[PDB]
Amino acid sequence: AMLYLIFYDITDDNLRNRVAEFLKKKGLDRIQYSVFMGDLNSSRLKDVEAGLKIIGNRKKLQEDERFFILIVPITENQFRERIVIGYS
């Protein structure tokens, strides 16, 4: 299994909570309000993709609404080399 980083930008609170709940249930580690990470083999990755697509199987309602999920393979080393910036 490769490791994946999953980031999302979902303006609708209910859809956003649905995504967070789904990703938690599939076993991914939450690392920020809208970021998860974890290992996914082919089967589990397919299941994740398919379920996220169901949550997104919607039309947008207001022009400023966003629903975006990016899933990218990374390595544990790359993650250890991350830079995180927050409020001072």
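One-based numbering along the sequence shown.
Enquirer: Taking only the Cα B-factors deposited for this chain, tell me whether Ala1 sits in the lowest, middle or highest third.
Expert: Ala1: CA B-factor falls in the highest third of its chain.
Enquirer: Once the chain's modelled residues are ordered by C-alpha B factor and cut into thirds, is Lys53 in the lowest, middle or highest one?
Expert: Middle third - that is where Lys53 ends up once the chain's C-alpha B-factors are sorted.
Enquirer: Hey, what third does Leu45 fall into on Cα B-factor, ranked over its chain?
Expert: CA B-factor rank for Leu45: lowest third.
Enquirer: Comparing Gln78 with the other modelled residues of its chain, is its CA B-factor in the lowest, middle or highest third?
Expert: Answer is middle: the recorded C-alpha B-factor places it there.
Enquirer: Looking at the C-alpha B-factor of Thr11, is it in the lowest, middle or highest third of its chain?
Expert: For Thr11, the deposited C-alpha B-factor lands in the lowest third.
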